[PDB]
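Sequence, then the experimental structure. Questions to follow.
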Amino acid sequence: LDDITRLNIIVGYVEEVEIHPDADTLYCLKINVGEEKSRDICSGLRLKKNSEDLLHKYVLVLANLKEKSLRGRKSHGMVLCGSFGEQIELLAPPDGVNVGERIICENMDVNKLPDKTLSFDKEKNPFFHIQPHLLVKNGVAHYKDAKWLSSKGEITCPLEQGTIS
């Protein structure tokens, strides 16, 4: 269960950020993740970030999550952020990375594929078993001492020693 190779973390670009109709805590993002049309994803960063701090930025999306329909609007995936105290920041791949590319760990096998779909039940879903081992360190993202590597470099975060969620 504890195994990052089952996770599909890929690069997305935010084309639109829209305030949610009923629940205002959520931002309804539209994120081109390399597929035929951009995914709809809902992120509760509205409390700490405003719409411009998200728009036209490259983010990291956990993509092999099951589809949900939160509060009337639909949401397919989630944007990975790093938190430290009452600050929260997007995980950022170096600029110039190709949309859709898979973020892999240092020294992990790229042939080892992620799950087609992660479990509806949280307990059996690895991510929640892995999340304690997801940390930020000196501005770099880590899983159990291993750095996240994109095609252009390590995944940066404008924080240090932060927790990843």
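All right, it came through fine. Residues are numbered from 1 along each chain as shown.

any idea how far the spatially closest residue to residue 133 that is not a sequence neighbour is from residue 134?
Nearest non-adjacent residue to residue 133, counting by CB to CB, 6 or more residues apart in numbering: residue 144, 4.4 Å away. C-beta coordinates here come from the backbone N, C-alpha and C atoms, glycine included. Applying CB to CB, to the nearest Å, the value for residue 144 to residue 134 is 8 Å.

Compare the two and say which one has the larger neighbour count.
More crowded of residue 144 and residue 134, by other CB atoms under 10 Å: residue 134, with 21 against 12.

The more buried one is in contact with residue 142, isn't it?
Yes. Between residue 134 and residue 142 there is a contact under CB atoms under 8 Å: 7.1 Å.

Tell me the spatial nearest neighbour of residue 136, not counting adjacent residues.
residue 162 (3.9 Å).

Quickly note the distance from the one you found to residue 146.
In this view, residue 162 and residue 146 are 16 Å apart by CB to CB.

Tell me which of these two has more neighbours.
Neighbour count, other CB under 10 Å: between residue 162 and residue 146, residue 162 has more, with 23 against 15.

now the more buried one: how far from residue 156?
Distance of residue 162 to residue 156, given as CB to CB: 12 Å.

Residue 14 too?
17 Å.

ditto for residue 81
In terms of CB to CB, residue 81 sits 13 Å off from residue 156.

Give me the common contacts of these two.
Residues touching both residue 81 and residue 156 (CB atoms under 8 Å, 6 or more residues apart in numbering) are residue 91.

wait, residue 66 sits on residue 120?
Yes. Shown here, residue 66 and residue 120 form a contact pair, counting by CB under 8 Å, at 5.3 Å.

Fine by me, we can end here.
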